[PDB]
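Residue numbers (PDB author numbering), protein chains in the order written: chain 77, 41 to 146; chain DD, 29 to 286; chain ZZ, 54 to 115; chain JJ, 58 to 277; chain bb, 3 to 105; chain 88, 160 to 212.
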RNA sequence: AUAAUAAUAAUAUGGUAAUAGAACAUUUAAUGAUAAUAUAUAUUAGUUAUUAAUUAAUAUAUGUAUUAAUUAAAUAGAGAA
RNA sequence: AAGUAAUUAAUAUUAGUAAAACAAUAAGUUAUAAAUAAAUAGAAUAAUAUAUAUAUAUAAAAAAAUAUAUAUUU
RNA sequence: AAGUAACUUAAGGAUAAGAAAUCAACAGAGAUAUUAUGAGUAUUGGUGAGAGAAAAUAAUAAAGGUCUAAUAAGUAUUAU
Ligand SMILES: [Mg+2]
Ligand SMILES: [Mg+2]
Ligand SMILES: [Mg+2]
Ligand SMILES: [Mg+2]
Ligand SMILES: [Mg+2]
Ligand SMILES: [Mg+2]
Ligand SMILES: [Mg+2]
Ligand SMILES: [Mg+2]
Ligand SMILES: [Mg+2]
Ligand SMILES: [Mg+2]
Ligand SMILES: [Mg+2]
Ligand SMILES: [Mg+2]
Ligand SMILES: [Mg+2]
Ligand SMILES: [Mg+2]
Ligand SMILES: [Mg+2]
Ligand SMILES: [Mg+2]
Ligand SMILES: [Mg+2]
Ligand SMILES: [Mg+2]
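See the structure below:
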């Protein structure tokens, strides 16, 4: 399993700059073991409960919109995304619901 | 209905040219994973590495003499009562002219800092990625990968200059002249260079000895994130680049799924 | 380095997110008092919030 | 230009420490938070000193004792084993037993194990793995769940050195060229525990010679 | 075959040079002056008639024997029957189980 | 790409080579990046002056 | 669904001990063009809602900033002993 | 001319990884199961506490305290 | 506080320790010295102030075991 494959082994769509990944597209990578990266965190002494999504490559905003379209029970203002690390934060505990949606495709 | 309509697969390769040292003539394309040369610029991780390296590199020789290490006798300079002046003890008190320094540090002061291994590996890749994105990373390979363009006879295939030890000519030798014209042709004379090499290349250090102030040669298992970011033009052997990639690859388990 | 306060360690034990303690007053001179009333003097109680801050300092490794 | 001149820490990962005694308008002026006069102003006093009142670490009676002979055991509920199987992470060849060695290697039990792991039954109702298990002990409900799914369980006795050999035998092979033999129980309470069919002890279920030797001496 | 002279550890080599396995060593305590004197056993001086400590202490005896076992050298080492110490399988099998365990 | 650089006399970053996929893109990139500096030396790029106008 | 700036309505803006947030001056280390038509310091007079930095003039030194800016550290700020 | 340093512990923010984390040579640490002074005890036999685990008690329950479960283990 | 400060005495480039009348537990390791986990752990205290190991696993380490005794008695042990 070489880290540098042969020049012939690679094909066009595996080269950065093709297949317009960075536009209107998002990919979420599973953890080392193979579980979805959705975790719950208790903050400020356990009083505040949040849900986080990590390992997001692409456009976080549209992934946020797509999830919002699938879980309309979570209010509009509960979602918040940090741009420094590309993490989507939900003001409640919705690890179960988000995992159900995410696994549908990823 | 489509659950996640805007979801797709990411690319997993970027193209890096392979050339010869004296003249940066391309020889072949060697695909390289996106994690090691094309990664998003996250300055925070670089900031963690740069300060971490900066802390571990300190000497900490500060050593002011405290009131205990200051050489004065422990005798009351003046009687407590009746003298009409302020109360004073021994002549080492910080408030006096010749007294020691309060809260004095003692060498060797400790400034060591520690970082998780995974964070350091990520920072290192982000450094190569920034150099490659800015088109400042040159790879000198061959002799181990398929060649689709013959190597020039005069040029070598590694970061080393031959005939640099036959200095039984004049005050100069061939190695310097080759280096000087290499510097001039590519317009990188006064600019900072970093040469990462597989093994100790005595020829390159000898030729670059005149330019200590701007040219530095480092081995595989010595390069730091500071030196890669500092250098405006990084030259790295393909063998070294592979070694760095393995040493700083995101370990992955089976992760078998349907 | 910081050392656990043994006097506290011998009287307080960690239970969940707080500490557990015995009751004081039922070691001698108990005859003459109703046994049912004295039942409240046997068993364990939980650390009061007033001194919880102290206990963490006394038993840092607990 | 080099990026070294534009690096900046991530927001929220840095504050400014409070300077003391460096200006009135700074907010921490002459007293610098100490207050007005007192022992705490120009001295240090134990944060847990009550002022002479009988302290909270003397009013109450010393309670309990420490069992230096305690044998703490790690925990592994049946829910985890099923979860590993569902996630396709139990690479168990047919006919193989899920002992301590496999649990450590497969990541089922992580971190140091000093004495053993006891199998409990938190997800017994969902457990349908017919593999054969082996651990220091198990709950009665776990035993029922293991056998309900067509499996089996046995309880084995491992000393700290014996357990170490059973966990990474290759270490002993490369060091001494010999895997040390397992140690027979010498405590009454251990012999009694592993001679019970209710606990599925290895002495009773495999009828080791130790019980026979005990029996022959008892009736002699 | 001689080229496995250096393969053996230092202790096993040194023992063989000092006590060649060609000479047969008695299994019982004898006179110190006697050639067939076991270094692992307390021999008795003939003139002073007082027992001598074994030349190889019990740790050194155990070390050399254990190295000998790992490399198949058993009979070449002098006998240790009267050393009141058994190693590995022989100890495990012919073990006098405790009176407390039995009763 | 090697022929384009060898005869043009310039050098293209490896990143652009990976991303650009048609010769039209190569001509558009080279025309919009190297030419403005080549024709007007004052409109050059200085590493010490990245954010320059 | 953001940031900067500007508008309209409303509420608030004394403060010792204390708590919380944000900035400025000096020095050191990493990165870091320019140059006597410049740079540093001092005086005087202006500008910016001003412990600071700037414009001009004057005087002295230097063919010259550890200079702007982002970080990391302080022997980092004195009418109070 | 005056809140400094070393070795530890607990909280808050961010970053990395994540039912695991640090570290890899092993070892160790923490989390993953709550209790009891302690012991060979340890969470839905069929669903939300009316079930279950531990502690007192019992034949077993009730009673008091804490904890556990309603495509995905926190 | 502390077998610390201080005084006195003796020797060498170093000195001290060192090849088990050692640990450990029915399975085993195999001298000494220093550091880390073990461990603030067992243990101990006007059960106050406080004090606090060992086994085992790692790192530096050197060829690291080897006889020089006729195998050791007012010695071990006991009382104090
Ligand atoms: Mg009582
Ligand atoms: Mg009452
Ligand atoms: Mg104030
Ligand atoms: Mg007062
Ligand atoms: Mg005052
Ligand atoms: Mg006060
Ligand atoms: Mg105010
Ligand atoms: Mg720092
Ligand atoms: Mg000062
Ligand atoms: Mg002054
Ligand atoms: Mg003032
Ligand atoms: Mg003492
Ligand atoms: Mg002395
Ligand atoms: Mg000596
Ligand atoms: Mg000696
Ligand atoms: Mg220690
Ligand atoms: Mg003797
Ligand atoms: Mg005595």
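All residues carry an ideal CB built from backbone N, CA and C; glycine is no exception.
Please go through the region 206 to 244 of chain DD and give each complete alpha helix (DSSP H) segment of 4 or more residues, from N-terminal end onward.
Complete alpha helix (DSSP H) runs here, min 4: 230 to 236.
Taking residue 169 (chain DD) as the reference, give the member of 40 (chain DD), 30 (chain DD), 29 (chain DD), 47 (chain DD) with the closest Cα.
Here residue 169 (chain DD) is taken as the residue at index 141 of the second chain, counted from 1. Nearest to residue 169 (chain DD) by alpha-carbon distance, out of 40 (chain DD), 30 (chain DD), 29 (chain DD), 47 (chain DD), is 47 (chain DD).
I need the straight-line Cα distance from residue 58 (chain 77) to residue 81 (chain 77), nearest angstrom please.
Walking along the first chain from the start, residue 58 (chain 77) turns up at place 18. Walking along the first chain from the start, residue 81 (chain 77) turns up at place 41. Distance between the alpha carbons of residue 58 (chain 77) and residue 81 (chain 77): 37 Å.
If we require 3 or more residues per run, which beta strand (DSSP E) segments fall completely within the region 90 to 178 of chain JJ?
Listed in chain order, the complete beta strand (DSSP E) runs (minimum 3 residues) inside the region 90 to 178 of chain JJ are 131 to 134, 174 to 177.
Beta-carbon separation (whole angstroms), residue 93 (chain 77) vs residue 83 (chain 77), contact threshold 8 Å
For the purposes of this step, residue 93 (chain 77) is taken as residue 53 along the first chain, with counting starting at 1. For the purposes of this step, residue 83 (chain 77) is taken as residue 43 along the first chain, with counting starting at 1. Their Cβ separation, rounded to whole angstroms, is 16 Å, which puts residue 93 (chain 77) and residue 83 (chain 77) out of contact at 8 Å.
In DSSP terms, what residue 168 (chain DD) is bridged to:
Here residue 168 (chain DD) corresponds to residue number 140 of the second chain, with the count starting at 1. Per DSSP, 47 (chain DD), 265 (chain DD).
Alpha-carbon spacing of residue 101 (chain bb) relative to residue 260 (chain JJ), whole angstroms
By 1-based counting over the fifth chain, the position of residue 101 (chain bb) is 99. By 1-based counting over the fourth chain, the position of residue 260 (chain JJ) is 203. Taking C-alpha positions only, residue 101 (chain bb) is separated from residue 260 (chain JJ) by approximately 19 Å.
In whole angstroms, what is the alpha-carbon distance linking residue 314 (chain DD) and residue 101 (chain DD)?
Residue 314 (chain DD) is absent from the model: chain DD starts at 29 and stops at 286.
In the DSSP assignment, what are the bridge partners of residue 182 (chain JJ)?
Taking the first residue of the fourth chain as position 1, residue 182 (chain JJ) is located at position 125. Partner(s): none; residue 182 (chain JJ) has no beta bridge.
6 Å CB neighbourhood of residue 49 (chain DD) in its chain, flanking five on each side removed:
Counting from one through the second chain, the residue named residue 49 (chain DD) turns up at place 21. Only 168, 184, 187 meet the Cβ criterion.
Would you say residue 163 (chain 88) lies against chain DD (beta-carbon separation less than 8 Å)?
Mapped onto the sixth chain, residue 163 (chain 88) falls at position 4. It does not; no Cβ of chain DD falls within 8 Å.
Could you check how far apart the C-beta atoms of residue 23 (chain bb) and residue 41 (chain bb) are, in whole angstroms? I think they sit under 8 Å.
Residue mapping note: residue 23 (chain bb) aligns to position 21 of the fifth chain, counting from 1. Residue mapping note: residue 41 (chain bb) aligns to position 39 of the fifth chain, counting from 1. Not a contact, Cβ separation roughly 12 Å.
Show which residues of chain ZZ have a CB atom less than 7 Å away from the CB atom of residue 105 (chain JJ).
Start at 1 with the first residue of the fourth chain, and residue 105 (chain JJ) comes out as number 48. The answer, in chain order, is 107, 110, 111.
Can you determine whether any heavy atom of ligand 1 sits closer than 7 Å to the C-beta of residue 161 (chain JJ), and answer yes or no?
Within the fourth chain, the letter at position 104 stands for residue 161 (chain JJ). Incorrect: residue 161 (chain JJ) has no Cβ contact closer than 7 Å to ligand 1.
Looking at residue 141 (chain DD) and ligand 8, is the gap between the Cβ and the nearest heavy atom below 7 Å?
As a position in the second chain, residue 141 (chain DD) is number 113, starting the count at 1. Flag set: Cβ of residue 141 (chain DD) near ligand 8.
Can you list, in chain order, the residues of its chain whose CB lies under 6 Å from that of residue 98 (chain DD), leaving out five sequence neighbours each side?
For the purposes of this step, residue 98 (chain DD) is taken as residue 70 along the second chain, with counting starting at 1. Excluding positions up to five away in sequence, the list reads 120, 128.
Grab me the residues of residue 97 (chain ZZ)'s own chain with a C-beta within less than 8 Å of its C-beta, minus the 5 sequence neighbours each way, in chain order.
Position 44 of the third chain holds residue 97 (chain ZZ). 73, 74, 75, 76.
Please report how far the alpha carbon of residue 208 (chain JJ) lies from the alpha carbon of residue 132 (chain JJ), in whole angstroms.
Taking the first residue of the fourth chain as 1, we reach residue 208 (chain JJ) at position 151. Taking the first residue of the fourth chain as 1, we reach residue 132 (chain JJ) at position 75. CA-CA distance, residue 208 (chain JJ) to residue 132 (chain JJ), rounds to 20 Å.
State yes or no: is the C-beta of residue 32 (chain DD) within less than 8 Å of the C-beta of residue 88 (chain 77)?
Walking along the second chain from the start, residue 32 (chain DD) turns up at place 4. Walking along the first chain from the start, residue 88 (chain 77) turns up at place 48. No Cβ-Cβ contact shorter than 8 Å links residue 32 (chain DD) with residue 88 (chain 77).
Comparing the C-beta of residue 72 (chain DD) with each C-beta of chain JJ, is any distance below 8 Å?
Here residue 72 (chain DD) refers to the residue found at position 44 when the second chain is read from its first residue. So yes, residue 72 (chain DD) belongs to the interface.
Check whether the Cβ of residue 144 (chain JJ) lies closer than 7 Å to any heavy atom of ligand 6, and answer yes or no.
In the fourth chain, the residue the question calls residue 144 (chain JJ) occupies position 87. No - ligand 6 has no heavy atom lying nearer than 7 Å to the Cβ of residue 144 (chain JJ).
Stretch-stretch touch, CB-based, cutoff 8 Å, three pairs: the region 247 to 254 of chain JJ with the region 173 to 186 of chain JJ:
No, the region 247 to 254 of chain JJ does not touch the region 173 to 186 of chain JJ.
From 95 (chain JJ), 224 (chain JJ), 210 (chain JJ), pick the residue whose C-alpha is nearest to that of residue 263 (chain JJ); which is it?
What you label residue 263 (chain JJ) is simply residue 206 of the fourth chain in a count that begins at 1. Comparing Cα positions, the closest option is 210 (chain JJ).
Does the region 97 to 116 of chain JJ come into contact with the region 152 to 169 of chain JJ, if we say contact requires no fewer than three beta-carbon pairs (one atom in each stretch) closer than 8 Å?
Under the 8 Å Cβ criterion, the region 97 to 116 of chain JJ does not count as touching the region 152 to 169 of chain JJ, having fewer than three qualifying pairs.
Who are the neighbours of residue 124 (chain 77) on chain JJ, taking C-beta pairs under 9 Å?
In the first chain, residue 124 (chain 77) corresponds to position 84, counting from 1. When 9 Å is used as the limit between beta carbons, residue 124 (chain 77) is near these residues of chain JJ: 67, 68, in chain order.
Contact list for the region 69 to 90 of chain 77 against chain JJ, Cβ threshold 8 Å
Of all residues in the region 69 to 90 of chain 77, the ones placed with a Cβ closer than 8 Å to any Cβ belonging to chain JJ are 73, 74, 75, in chain order.
I'd like to check one pair, residue 60 (chain DD) with residue 61 (chain 77): are the Cβ atoms closer than 8 Å?
Stepping through the first chain from its first residue, residue 61 (chain 77) is reached at position 21. Stepping through the second chain from its first residue, residue 60 (chain DD) is reached at position 32. No, they are not a contact pair.
Sequence-distant residues of the same chain with beta carbon closer than 6 Å to residue 17 (chain bb), five excluded per side
Position 15 of the fifth chain holds residue 17 (chain bb). Excluding residues within five positions, the ones whose Cβ falls inside 6 Å are 66.
8 Å CB neighbourhood of residue 116 (chain 77) in its chain, flanking five on each side removed:
As a first step, residue 116 (chain 77) is located in the first chain; it is residue number 76 there, counting from the start. Result list for residue 116 (chain 77): 108, in chain order.
If you run the structure through DSSP and keep just helix, strand and coil, what is residue 205 (chain JJ)?
As a working note, residue 205 (chain JJ) is residue 148 in the fourth chain. Judged by DSSP in its simplified three-state form, residue 205 (chain JJ) adopts helix.
Helix, strand or coil at residue 83 (chain bb) according to DSSP, with G and I counted as helix:
Within the fifth chain, numbered from 1, the residue matching residue 83 (chain bb) stands at position 81. Here residue 83 (chain bb) sits in helix by DSSP.
At which residues does the alpha helix (DSSP H) containing residue 274 (chain JJ) begin and terminate?
Taking the fourth chain and counting its residues from 1, one reaches residue 274 (chain JJ) at position 217. Residues 266 to 275.
Distance, residue 83 (chain DD) Cα to residue 103 (chain JJ) Cα:
Taking the first residue of the fourth chain as position 1, residue 103 (chain JJ) is located at position 46. Taking the first residue of the second chain as position 1, residue 83 (chain DD) is located at position 55. For the pair residue 103 (chain JJ) and residue 83 (chain DD), the Cα-to-Cα distance works out to about 35 Å.
Element boundaries [alpha helix (DSSP H), containing residue 80 (chain DD)]
By 1-based counting over the second chain, the position of residue 80 (chain DD) is 52. For residue 80 (chain DD), the enclosing alpha helix (DSSP H) starts and ends at 71 to 84.
When Cβ atoms are compared, which residues of the region 238 to 258 of chain JJ fall closer than 9 Å to chain bb?
From the region 238 to 258 of chain JJ, only 238, 241, 242, 243, 244, 245, 248 have a Cβ closer than 9 Å to chain bb.
List the endpoints of the continuous beta strand (DSSP E) containing residue 67 (chain 77).
The residue given as residue 67 (chain 77) occupies position 27 in the first chain. Judged by DSSP secondary structure, residue 67 (chain 77) falls within the beta strand (DSSP E) whose first and last residues are 66 to 68.
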